[PDB]
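In the structure tokens that follow, the same protein chain appears in two forms, which are kept apart as structure 1 and structure 2.
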Structure 1
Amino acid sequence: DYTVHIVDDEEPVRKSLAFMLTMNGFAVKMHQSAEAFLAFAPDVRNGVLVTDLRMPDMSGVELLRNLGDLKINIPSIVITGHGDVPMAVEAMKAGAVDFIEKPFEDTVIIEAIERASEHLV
């Protein structure tokens, strides 16, 4: 019993990330944007964080940077872009438990979340 908190700058859409995770029995809680999650983060208990924000303006590396400046224990999975190396390297340098180069299928994302749900209890 743990929650997967997603954070994407993209419109809902019946078929993308959250709805997949929930079709697979996962407790999912979506968030409109980084600042929105940043402003709720203090109130999270037993959850895993899965970022994924494309635009370099507000990257997932900075969202991890800010969570570190509050001393929050949220095991994260920073989804990156196809062939984006420095970012995926920067994320592991920001406390990230893993990364996932896009595209990706259910399997890998589900697996990785479970390996993150270890760093909890």
Structure 2
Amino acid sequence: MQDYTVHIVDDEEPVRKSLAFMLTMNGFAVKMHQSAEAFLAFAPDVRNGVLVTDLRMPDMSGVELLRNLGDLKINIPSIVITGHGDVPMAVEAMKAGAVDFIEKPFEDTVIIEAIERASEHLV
């Protein structure tokens, strides 16, 4: 239907890869990124992309990434996923503009539907 790309961010390669493979296996156009810094640098070039970022990353947190994107006034539907979240962080993420903040572990169905949902925000 729609030709968008799901960009995956997480400093951990193994996690980065498993999520990428699973989505690739479900028909999605997918692109991996090594760090949030790397994705931020590339962000100004993204067209029709949805972001799925991990939360707890060493240099820049998923939430700081979203704020940074906001500062650059870029506008990319984003979903934060994390195995170490909490209410405060979850609120910061939504405040930074996230379409959703989801806790691990979750079924493929969950992230897929949230990606499909976030894609609706693409103008």
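The term rigid core refers to the maximal set of C-alpha atoms that superpose within 1.5 Å between the two forms. Shifts are known only where both forms have a C-alpha. Structure 1's sequence is the ruler for residue numbers, which start at 1.
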Exceeds or equals 2 Å, Cα of residue 53 between structures 1 and 2, core fit: yes
Tell me whether residue 13 is among the residues that move between structures 1 and 2 (Cα shift of 2 angstroms or more, core superposed). yes
Comparing between structures 1 and 2 on the rigid core, is the C-alpha shift at residue 80 2 Å or larger? yes
Residue 89: Cα shift between structures 1 and 2 after core superposition, Å, came to 1.6
After fitting on the rigid core, list every run of 3 or more consecutive residues where each C-alpha shifts 2 Å or more between structures 1 and 2, in sequence order. 12 to 15, 53 to 58, 80 to 85
